[PDB]
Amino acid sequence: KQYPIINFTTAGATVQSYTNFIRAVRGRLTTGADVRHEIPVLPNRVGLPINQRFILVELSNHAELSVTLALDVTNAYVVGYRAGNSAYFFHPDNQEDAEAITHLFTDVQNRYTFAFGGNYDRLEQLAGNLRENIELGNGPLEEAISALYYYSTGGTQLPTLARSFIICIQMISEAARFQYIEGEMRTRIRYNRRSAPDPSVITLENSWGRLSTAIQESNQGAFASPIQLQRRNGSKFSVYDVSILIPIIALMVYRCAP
């Protein structure tokens, strides 16, 4: 017995198989017994035992390649992955984090830490493309699984590896964080399209920590100051209250209760 594993395959994927997956991911990220204003909070990192810190997400595609992402339950971040006999980790932000990841993928023959960190800014630079120009859907996802798998063999240039991370992160972590983003992926899957996320998706992604804070500091759901988001067409609008976000955000990073 070792960290909980959730499986998804792109082979034959449907909106139901993808929804089932994202639902199970959420269920492993949190027990759900800390909820504020109806929105679940992930476990506080302060004092969480290592043995509860991570979840694994096994990704397969029609080429029958498989990779396994490791996600930090405290924030749903993808911290690294394993493909066959190697495992690779983003460069950690602190020594505590560096220490935690020593506990993942312990039986793998080859382990490495990238010199670069895993935030979108760094990955975009590495990919040489912005999330607004990187396509999402089942096609991109199956392609990103192969790219990640092939990375040890030397088959995959770094820019492509970084694009593939940006895809996985959005289709897995962001979809888990936001029902809105899950729905965005369901739509691409339903119509078998691939398309870049629009400003509504990108600004929600960028605002996740800020939303977690606003809702958690709110006066019974009313934000202490407004949060600006973006519509599909890039126009700015303001959110004042948690009520509107209940069908949009599914999970928040822990902040202490005011």
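Residue positions are given as counts along the sequence shown, with the first one as 1.
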query: Higher-B stretch (mean Cα B-factor, as the entry records it), 87-95 or 69-77; finding: 87-95
query: 184-192 versus 167-175 - which carries the larger mean C-alpha B factor in the record; finding: 184-192
query: Modelled-residue ranking by C-alpha temperature factor, third containing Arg82; finding: middle
query: Within-chain third of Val15 by Cα B-factor, per the entry; finding: highest
query: Record-listed C-alpha B factor of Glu64: chain third; finding: highest
query: Position of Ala144 among the chain's modelled residues by C-alpha B-factor, lowest, middle or highest third; finding: lowest
query: Third of the chain's Cα B-factor distribution that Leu161 belongs to, per the entry; finding: lowest
